Each structure stands twice: as structure tokens, then as C-alpha cells.
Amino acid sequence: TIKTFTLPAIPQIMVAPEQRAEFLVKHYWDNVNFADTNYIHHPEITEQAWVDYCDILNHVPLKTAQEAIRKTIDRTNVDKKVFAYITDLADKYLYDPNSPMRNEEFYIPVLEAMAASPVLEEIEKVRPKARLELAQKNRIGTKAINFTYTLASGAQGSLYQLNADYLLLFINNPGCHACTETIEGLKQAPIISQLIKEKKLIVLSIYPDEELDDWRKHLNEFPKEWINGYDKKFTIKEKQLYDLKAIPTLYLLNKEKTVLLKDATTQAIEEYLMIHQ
């Protein structure tokens, strides 16, 4: 009964779903030899094993998942080519904006393991250390980075000068079809319209790029009920105040501007507001 990849056997005495989910995460890679040739001769099997691992990490407390992810990457230090392959899979599924499995809280322990890796050369640590620094900015549970926005009239304001129980930050681009889809998704969510009316929610749309003319002609697409601004000196982009690898991107902030949801879907924001209000 010899196979390429084998899962550890969960004992029958472990009845509690919590314990079962925890056992599966902790022992997931126990029957794998990270010094082996399973990255060349069998990448279809190995990548599917990685995909299934990212899925089971959602069923345990975040700290348990982060500890397990770190231990798994540390184990791959036995072979530089395996470390490179597994950390590349972590980027592809947990970092890439096009991945539906993207999760910055699972990618941060991967970046921490890379910055502490004895198999990486100093030049190879430049990109994970830079991604780790940027992932700290507007991290969930931390205060959002303040910035100045400019309105169509030329009037200026700052993020922290806005007063509401909730702030929905929408980083956008003009002409962008995915941006139009997001505007429609926000307009079609009844809780958004209700909390804007109750003055409980402010929607701040921010254009961070330099095509200011294209923004002025597509400004009619944004509802008048939102605060629609641009970055006059392109400070967000120049100083990397916000991670702009995915545009559009949505943030939900609380009263004190603490990040509640980072790079969230319209459905995630809508459900969050429906539950909390």
C-alpha cells in the first residue's frame, strides 16, 4: 500500500472536532521527506497536497495555523531547492491577488521563516523582508495609515479627519472592469446604503495613480453619497503606504480606524456589517 503522499491516521478516541482539526494540521507533513526528489518527479501530487493543507489551516485557531505553517517551512531548510519550491507554492496560493485562497495572515509566517532561513543568500532575503514590512502596514487589528485625499472641487481632507463607526476604504482605477463590478456590488448591498443614510458608515474611494483626467471622466460612476478622492502628490504609491498589488481593493475600518477587514470581498464586508451593524 505504498503511495507518493500519505496523511497521518486520526485516532478514534479523538471525538471533539477541534482536536481532530488540530491533529490534522500538526501532523499533516509527518510522512513527507523534504530532502527527497518529490518536487521534480511528482509536482502534481505535491502541489495538490499543499492546496489541501492551506484548506485545513482554516479549521483551527489562527495562532495554531501560523505556528504549524512556520514549522512546515522550517523543515524545508533541509534542501535549498525544496525550500524554494514550497515557498513559491506559498506565494502562488496565499499571496497572489488572483488566488481565491489568498490569506496574508497565513503568508506572514512563511515570510518570517524566509527572513530567518539559513539556506537563503542575503540577496534572496531582500524580497521576503520587503513583503513582510509591507504586510505589517494596515495589518488586520492595527491602525490604518493616514493619508490626504483631494476632491473634484480641489478641497482636501484626511482619512483620520472622517468620523463614523465604520469606514469603507475603496482603492480604485478608472476604466477597470473589476472596479465597475465592485461599485455595482457595493451599490447592490442593502446594509451599505442603510448605514451610509444613518451616518454610521462612510465610503471613501481613493484613486492613487497619475491618470487624473481618466478619473475625472469616470467620476460619474461613483455614487454622490460616497467621498470620492484622488492622491494629488501620489504619496500612497510613492511611499507604499498601502499595498497596491491588487486594484480594486477594499478595507473595512472601525471608529478608531483599526483595520477590521483587509483586501476583502464585497460579500465579506456586507456579511460583517450585517452581523455587527
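All residue numbers are counted from 1 along the displayed sequence.
| task | Quick one: say whether 240 to 248 or 213 to 221 has the higher mean Cα B-factor in the deposited entry. | result | The stretch with the larger mean CA B-factor is 213 to 221.
| task | Averaging the C-alpha B factors as listed in the entry, name the stretch that ends up higher: 47 to 55 or 231 to 239. | result | Higher mean C-alpha B-factor in the PDB entry: 231 to 239.
| Which listed residue, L132, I73, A152, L167, has the largest C-alpha temperature factor in the record? | Spelled out: the listed residue with the top C-alpha B-factor is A152.
| For the listed residues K197, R102, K125, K137, which one has the largest C-alpha B-factor as given in the deposited model? | In the PDB entry, the greatest C-alpha B-factor among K197, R102, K125, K137 is found at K197.
| task | Using the B-factors in the PDB entry, rank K262's C-alpha atom against the chain and give the third, lowest, middle or highest. | result | Lowest third - that is where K262 ends up once the chain's C-alpha B-factors are sorted.
| query | Should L204 be placed in the lowest, middle or highest third of its chain by the C-alpha B factor in the entry? | reply | Answer is middle: the recorded C-alpha B-factor places it there.
| request: Give the position of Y28 by CA B-factor within its chain, expressed as the lowest, middle or highest third. | output: Bottom third by C-alpha B-factor.
| task | Determine, from the deposited record, the chain-internal third of the Cα B-factor for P118: lowest, middle or highest. | result | CA B-factor rank for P118: middle third.
| request: For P97, return the chain-relative third of its C-alpha B-factor as stated in the PDB record: lowest, middle or highest. | output: Middle third by C-alpha B-factor.
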